[PDB]
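> how would this look folded up:
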Amino acid sequence: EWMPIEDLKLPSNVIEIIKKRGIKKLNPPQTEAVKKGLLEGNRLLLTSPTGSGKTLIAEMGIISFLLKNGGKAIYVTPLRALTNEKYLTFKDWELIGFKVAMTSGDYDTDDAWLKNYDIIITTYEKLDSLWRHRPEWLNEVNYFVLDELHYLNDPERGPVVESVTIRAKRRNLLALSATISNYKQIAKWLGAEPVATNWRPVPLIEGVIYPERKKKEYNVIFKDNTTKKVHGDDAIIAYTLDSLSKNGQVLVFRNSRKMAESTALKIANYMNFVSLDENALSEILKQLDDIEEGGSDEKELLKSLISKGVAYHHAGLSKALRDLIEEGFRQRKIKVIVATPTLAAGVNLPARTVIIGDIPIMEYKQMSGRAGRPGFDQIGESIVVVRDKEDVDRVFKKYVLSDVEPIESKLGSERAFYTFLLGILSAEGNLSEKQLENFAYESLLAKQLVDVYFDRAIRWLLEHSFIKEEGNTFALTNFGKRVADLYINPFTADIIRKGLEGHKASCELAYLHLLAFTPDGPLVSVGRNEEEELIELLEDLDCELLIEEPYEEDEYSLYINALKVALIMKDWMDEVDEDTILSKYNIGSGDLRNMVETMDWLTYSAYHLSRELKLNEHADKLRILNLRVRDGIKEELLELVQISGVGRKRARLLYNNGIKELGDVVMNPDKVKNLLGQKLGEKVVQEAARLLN
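Residues are numbered from 1 along each chain as shown. See below for the structure:
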């Protein structure tokens, strides 16, 4: 059914704020949610496809709860790009006097300023981090929206999703998810009423393409036994050009970055007959060239493609580059994107046709569900590429006709479980064995598996002195509590402490290496010849490393991996041009920025662990390392970048013009406005003085 929004049991200006968005009526699942007492605050597990308007369901849940009860509400979602989306939507509610905020990116804080906000948008790790800190304002959050709850199944994020969910269960919650096959089992664990739907704003047809005798001919078989023939160089290109001739947009999923790039260039070649908005594209090309936060070769490659209506998309690309591609496609100017599977998990972005090139079942569902533009297409189509007719049946049975893999807890590991118990102790304070165990059973993990990991974890945390016994009770050590607050894995913290206590102050490469080696450290791909050069380098290093060379092969690869990361970070710090760094190490602009962000967090955390462990020489090296990694600057620039609005670029400009110190800024305010501009120049001189004061 489709409920009119004027029938909604809410105040009038609330209904109006919904209606200003060009909505006359609720969707079927939104209507369904209301019928099941969304507005009364019943605990619901709502599952549905991508563009089903679940954001409005969350908004209605939160606003209704806040209106009927005191306090605060939280919306939590896995990806920062999804938090930023939701934040902009929720800001509409500042009209009825609700104050909306996003939690900060820092883990080592309680975000106490949130006491003045009513609606709070966060990610799972940040919320998990917040509970460990026990801030007053969190006691006032009585209603939680848990979005993308199917992330319980994710090996990396799942255990964090569970920790948050567990604490939410003690209050009020709304859970929203992609399809969950064991949704009854999950709802029961959640104590929610399940509300599973299949509805889509746009019908979908699922197909499978395959080759036959004549080499440029392909047969497409659909779910309803529809049959279609297409012609072309390969299955991808043949179906792509078929879809573009009916005013379509096509999304092609490849498994690797290079494959998405080469597949995109291959399609570009055939874009002869497709109508393209050339005036709008020369504009996007203009915007592309002036992006400074991205690589030149990336820009060069994308330019070649976007002038032909095509682009690739992967995580190798910087954020600014991914945003322009996404937005170009959102406006239907870019006709084809070839992506790795990651796009399928990101913000809303549908096409007319989805082509899956490299065929787990969930990834299929998430890719295929992007087929169909809600206000534009009458029908969407996804097709899976197969290599022979005698494989069409296995695809349909496994991907098309079957449900997703059940959700099962990912807490069943030593990493996840040591972290889980450390968090519980930080959040709850001192606990008996029995009390702590009782919390661990709140987990979605089968009891039999909980029991396997629980005592395993207790003794490890005792041996490595994260916890201590005081009689009937367990308590975090001073170190254990600092680690919990920094939000680094206990295994990471253990490696760092071992490294710092085992060796004297070393060089910056060595600290970077140690931190990269940790479970929380970055991983980078390493070439085969490159690995050999790195092994040779280890034989030539004057600097001592803070970790012994591993004897086990898998551990040794990690050791070498950490050295590549260390070397990248060091070039970054030494202000080597980005493009030089990207080519030298065969990494993307997006890879460099991810790595920097992680190493900033890890160097920051190491500094504080070092201060906790009273290792002052190490701590002084780690403090400078952090400030160097953070801005990618030589030590000479540290004083300058302190100024709000002076980054590395404006600091570099200043330093080379003889302005080396904050006092140089204060005393040459004419030459500051000459270099930075009047208005920004003015503020920069203000900050320099108050900093010195």
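
> residue 187 touches residue 47, doesn't it?
No: Residue 187 lies out of contact with residue 47 (Cβ atoms under 8 Å); the separation is 9.4 Å. C-betas here are computed from N, CA, C, even on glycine.

> who's more crowded, the two?
residue 47 (24 against 20; other Cβ atoms under 10 Å).

> if we can go back for a sec, what is in contact with residue 187 and residue 47 at once?
Common neighbours of residue 187 and residue 47 (criterion: Cβ atoms under 8 Å, 6 or more residues apart in numbering): residue 194.

> which strands and helices lie in contact with the longest strand seen in the chain?
Counting residues, the longest strand found in the chain (DSSP state E) is strand 204-211. Contacts defined by 3 or more Cβ pairs under 8 Å, 6 or more residues apart in numbering; DSSP states H and E place strand 204-211 against strand 217-222, helix 235-244, strand 380-385, helix 392-395.

> quick check: closest non-adjacent residue to the spatially most central residue of the chain.
The centroid of the chain falls nearest to residue 79 when counting by Cα atoms, centre = their mean (3.9 Å). For residue 79, ignoring the flanking residues on the chain, the nearest one in space by Cβ to Cβ, 6 or more residues apart in numbering is residue 346 at 6.8 Å.

> contact partners for residue 218?
Per Cβ under 8 Å, 6+ apart, neighbours of residue 218: 209-212, 229-232, 235, 238-239.

> of these, buried ones?
209-211, 230, 232, 235, 238-239 (16 or more other Cβ atoms under 10 Å).

> and these as JSON lines, adding distance to residue 447?
Listed next are the buried ones among the contacts of residue 218 as JSON lines, based on distance: Cβ to Cβ, whole Å:
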{"residue": "209", "distance to residue 447": "46"}
{"residue": "210", "distance to residue 447": "47"}
{"residue": "211", "distance to residue 447": "51"}
{"residue": "230", "distance to residue 447": "53"}
{"residue": "232", "distance to residue 447": "55"}
{"residue": "235", "distance to residue 447": "48"}
{"residue": "238", "distance to residue 447": "53"}
{"residue": "239", "distance to residue 447": "49"}
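
> ok, the contacts of residue 218 vs residue 560, which is closest?
Among these, residue 235 lies closest to residue 560 (Cβ to Cβ), at 38.7 Å.

> ok, the closest one - contacts?
Residues counted as contacts of residue 235 (Cβ under 8 Å, 6+ apart) are 209-211, 218, 355, 357, 385.

> ends of stretch 16-24, how far apart?
Stretch 16-24 has an end-to-end distance of 10 Å (criterion: Cα to Cα, to the nearest Å).

> in it, what counts as buried?
Across stretch 16-24, burial judged by 16+ other Cβ under 10 Å covers 17-18.

> what does that stretch rub up against?
Contact with stretch 16-24 is made by 4-5, 8, 56, 59-60, 92-93, 95-96, as judged by Cβ under 8 Å, 6+ apart.

> give me that answer again for 7 Å
Under the contact criterion Cβ atoms under 7 Å, 6 or more residues apart in numbering, stretch 16-24 has outside partners 4-5, 92-93, 95-96.

> right, and the residue nearest to residue 79 touches residue 81 too?
Yes: using Cβ atoms under 7 Å, residue 346 is in contact with residue 81, at 6.0 Å.
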